[PDB]
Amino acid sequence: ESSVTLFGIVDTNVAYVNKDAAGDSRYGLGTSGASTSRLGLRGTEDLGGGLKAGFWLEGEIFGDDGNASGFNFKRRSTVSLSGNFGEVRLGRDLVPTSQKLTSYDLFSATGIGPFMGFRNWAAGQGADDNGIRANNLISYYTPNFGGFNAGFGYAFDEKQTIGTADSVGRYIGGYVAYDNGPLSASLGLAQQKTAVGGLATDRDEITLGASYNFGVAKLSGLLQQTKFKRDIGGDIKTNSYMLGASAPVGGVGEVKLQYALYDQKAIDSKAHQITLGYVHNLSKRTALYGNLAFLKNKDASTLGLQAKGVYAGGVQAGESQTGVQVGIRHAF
C-alpha cells in the first residue's frame, strides 16, 4: 500500500477581455481556465496498523511563459501522518476553510468564472490575505463518521511585523461539515492577522456552502462575509453570494452556470457576475473547454475578471466587462 506519484496538469487557453483599467481590450494566451496548471510529487507510505506517512509537493505551472518567474512548491508542501484518527499535515497548503469551501465553486476556483470571495478585499499587506493558503500551517482533518467531518488549522505568524502588526500571517480556522455523497454542506470560520496601510487588522471570514448532486444536474452555492477590522477602528466588509448549477451533456460534455454578487460595503457598491462554461472530455485526462463571463460593476466597484496570463486587473468604476477563455486541460 505504498506508492510515489509524479503528476500534473497543463491547462492553457486563448483568452479575451473587452476592457482593462484603461478601457482597452486585451487578448492573448493564458492559463488555468478549467483547472489550475500544476506539477507535483506525492507519496503514501504504509507504516502498519492503519498508520500512513505522506508527503505532497506541488507548484503552479504557467505554460504561456515557461514559469519565467521560477518554479516553486507554493500550492502545497506538506508532510503528514494519517490513520483511523484522521490526518495531521505540516507545511504550506490550503487552509481548511478554503480547502473545503472552494469545493462548492463549479469553476474549480480558477479561470474567469469562479467565486471571488476568497480575495484581498482590503489591500491587506500579508502574504495570503486572500484567505486561500498559509505558510507555517498545521492542520488536522477528522475522518468522516456518518457523514460528519471537520477540519482545523493553525498557522504561525513567527513575529512577522508590518507597522503596528507583530503577528502578520497568523491563521486560526476550521470547518464543520456533512458529506454523504450527493449532499454536502459546510460552515467555515477563520481569522487571520494582517495590516492595512501599516495598521494592525484582523481578517475575519465566515463561509457557508452547500450542494446537492441530483445526477442529472448539481446545484451548489456559497455565502461569505469577509471583514477586515482595523484595531484602531474601521472596517472593510464584503458580503459575497454565489449560486450555480452544472449538468452532464451527452456523455463526455458538461455545462456549468454560475451567478455571483459581491456587496462591497466600504465603497457602498455591488458587482454581479454571470458565467457560462462548457467542458468537452476527449478522455479522462484531456478536455477542451470554454468559459464566457459577464461582470457588471455598479457605482465605485472596479472588479475585473481573472483571465490568468492575459489580464486579471481591474476595470474603470461602474464598468461592465466581458471575458472569454477557450483552451485545453491535460492531466498527467
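Note that residue numbering begins at 1 and tracks the sequence as displayed.
J.: Give the stretch, out of 105-113 and 190-198, with the larger mean C-alpha temperature factor in the deposited entry.
T.: Going by the record's values, the stretch with the higher mean is 105-113.
J.: Averaging the C-alpha B factors as listed in the entry, name the stretch that ends up higher: 291-299 or 31-39.
T.: In the deposited entry, the stretch with the higher C-alpha B-factor mean is 291-299.
J.: Just the C-alpha B-factor column, please: which of 140, 85, 156, 118 has the biggest number?
T.: Of the options given, 85 has the highest CA B-factor in the PDB entry.
J.: What's the residue among 96, 221, 91, 169 with the greatest CA temperature factor in the PDB record?
T.: It is 221.
J.: If you rank the chain by CA B-factor, which third does residue 173 end up in: lowest, middle or highest?
T.: Bottom third by C-alpha B-factor.
J.: Place residue 271 in the lowest, middle or highest third of its chain's C-alpha B-factors, as listed in the PDB entry.
T.: Middle third - that is where residue 271 ends up once the chain's C-alpha B-factors are sorted.
J.: Can you tell me whether residue 277 has a C-alpha B-factor in the lowest, middle or highest third compared with the other modelled residues of the same chain?
T.: Middle third, going by the recorded CA B-factors of the chain.
J.: Rank-wise, by C-alpha B-factor, drop residue 304 into the lowest, middle or highest third of its chain.
T.: Middle third by C-alpha B-factor.
J.: Ranking the modelled residues of this chain by C-alpha B-factor as given in the entry, is residue 69 in the lowest, middle or highest third?
T.: It falls in the top third of the chain.
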